[PDB]
């Protein structure tokens, strides 16, 4: 559907329960927080990070920081389940040398959305982003290299993994307002993990 993207549906289905337990452990150290955009709007999506570097708004802009500005401590270490899952998915997609040093964790409550954006804050744009979906289904939308490219829509469900490589690495993308529902593991939300090579 997208040049350079590898969709691995249900790839993390068996690992989901451990991933969610580790999400909670990470969040007990660096809690979920709704960040303020450089434009002054509070994001409806709640976020936190783990790894060497964490994506965060700071000084009226986006940056990767080794410190959590809400705790003044380093981000929690990347759990084993995260590292193992990401390496397995990257290798299967043909990126065996991908070594993420940052994982952004998004939490979507009903009604939460992520507006169209690009992920180009990383110094090496040749490296892929590995995306892991957990919990309630979400409508993922993506266009192309331009704001104005026509959008394609794809449902992402519990356990789906996408490796955004090549051209797709630079596409505009976002998430439509999450529909309320029930999931036996996450109850009433969706989690998304995006593994990044940000160093």
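C-alpha atoms forming the largest set that superposes within 1.5 Å between two forms make up the rigid core. Residue numbers count along the first chain shown, from 1.
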Core-superposed comparison in 4 other deposited structures of this protein: bigger Cα RMS shift among 128 to 136 and 163 to 171 is in 163 to 171
55 to 63 or 42 to 50, the stretch lying farther from the shown form in 4 other deposited structures of this protein by root mean square CA distance over structures and residues, after core fitting, is 55 to 63
Stretch with higher mean Cα temperature factor, 71 to 79 vs 92 to 100, is 92 to 100
For 35 to 43 versus 126 to 134, entry-based mean Cα B-factors point to 35 to 43
Tertile call for residue 143 (CA temperature factor, within chain, third-based) is the highest
Chain thirds by Cα B factor, record data; residue 17 belongs to the highest
Binned into thirds over the chain's modelled residues, the C-alpha B-factor of residue 161 lands in the lowest
For residue 63, the third of its chain by CA B-factor is the highest
Among the modelled residues of its chain, the C-alpha B-factor of residue 174 falls in the third labelled lowest
